[PDB]
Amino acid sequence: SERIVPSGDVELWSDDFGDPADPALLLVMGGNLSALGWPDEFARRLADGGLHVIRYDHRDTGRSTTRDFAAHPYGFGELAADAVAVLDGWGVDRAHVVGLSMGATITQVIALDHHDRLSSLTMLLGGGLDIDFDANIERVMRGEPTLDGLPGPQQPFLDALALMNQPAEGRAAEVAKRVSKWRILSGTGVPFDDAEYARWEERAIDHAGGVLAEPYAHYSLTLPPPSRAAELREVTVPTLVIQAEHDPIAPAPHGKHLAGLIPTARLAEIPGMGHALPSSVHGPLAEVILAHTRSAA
């Protein structure tokens, strides 16, 4: 089913998978990505393990309130509170939360400021609050080292940004362009199927009322200050950090480092995986998440 839930001065679209009586699992997408950034088939695979999977559209994506950012600025505090508002909107007291990419940053803020709403935490394709990510993009382009000493974003990330700059006229061209971006980010370490990713983007575009432009508000966000990383030492819910082996945006050992910030964190690695969700990794991802959520209950 689907519902629109209130969150302060925005309204958030959300839908679910699985039995409403199973333990809640909240999926938190990356930046500029709507609910449909989580493929339906992945959400189903997770739910069919015994979870009530809920996903939603961040503000400024999908069918959620979309606004001129300059006139109404917000940050990760709002993005985290919105995630909790989705739990409120489904009557969920505590949820297994899964944060992906920029969503892992959102979920670290949930862990700090809404810890009471967590059954467990899972983060993948991201890194710690002490990683000055936007500054690191600038540094890698100039050939300067990151100040954290961990690897910055790699060439496939830069390539994906370059493709995102190229024009696409019409729906077919937009879908092909988006698929080409995911193919670059996924890499070749696991099987990538263009047809399945095309269908997933067709659904994402349909979900956005057929509009072809990607969301862009989240490019205006400012990250939490690195001081907040130290606060993660107080987190006590079971935490799983998943490293995609060949992640071009947050390469190893980002994962390990993020896990090292949280006393209850355990690290897993998906062999061959890049910064994308081809169906080739749905089984492995669902397996490790389900084992984790089971141990937290």
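Each residue number is its position in the shown sequence, starting from 1.
Asks: For the C-alpha atoms alone, is the average B factor greater in 177 to 185 or in 69 to 77, going by the entry?
Replies: The entry gives the higher C-alpha B-factor average to 69 to 77.
Asks: Decide which of the stretches 187 to 195 and 161 to 169 has the higher mean C-alpha B-factor, going by the entry.
Replies: The entry gives the higher C-alpha B-factor average to 161 to 169.
Asks: Please work out which residue in 82, 148, 206, 88 has the highest C-alpha B-factor recorded for this crystal structure.
Replies: When the deposited C-alpha B-factors of 82, 148, 206, 88 are compared, 148 is largest.
Asks: Hey, out of 95, 100, 141, 111, whose CA B-factor is highest in the deposited coordinates?
Replies: Spelled out: the listed residue with the top C-alpha B-factor is 141.
Asks: Taking the C-alpha B-factors as the PDB entry records them, is residue 20 in the lowest, middle or highest third of its chain?
Replies: Tercile = highest for this residue's CA B-factor.
Asks: Comparing residue 249 with the other modelled residues of its chain, is its CA B-factor in the lowest, middle or highest third?
Replies: According to the entry, residue 249 has a C-alpha B-factor in the chain's middle third.
Asks: Mind checking which third residue 152 falls in for C-alpha B-factor across the chain?
Replies: For residue 152, the deposited C-alpha B-factor lands in the highest third.
Asks: Taking only the Cα B-factors deposited for this chain, tell me whether residue 230 sits in the lowest, middle or highest third.
Replies: Highest third.
Asks: Among the chain's modelled residues, which third holds the C-alpha B-factor of residue 214?
Replies: Tercile = highest for this residue's CA B-factor.
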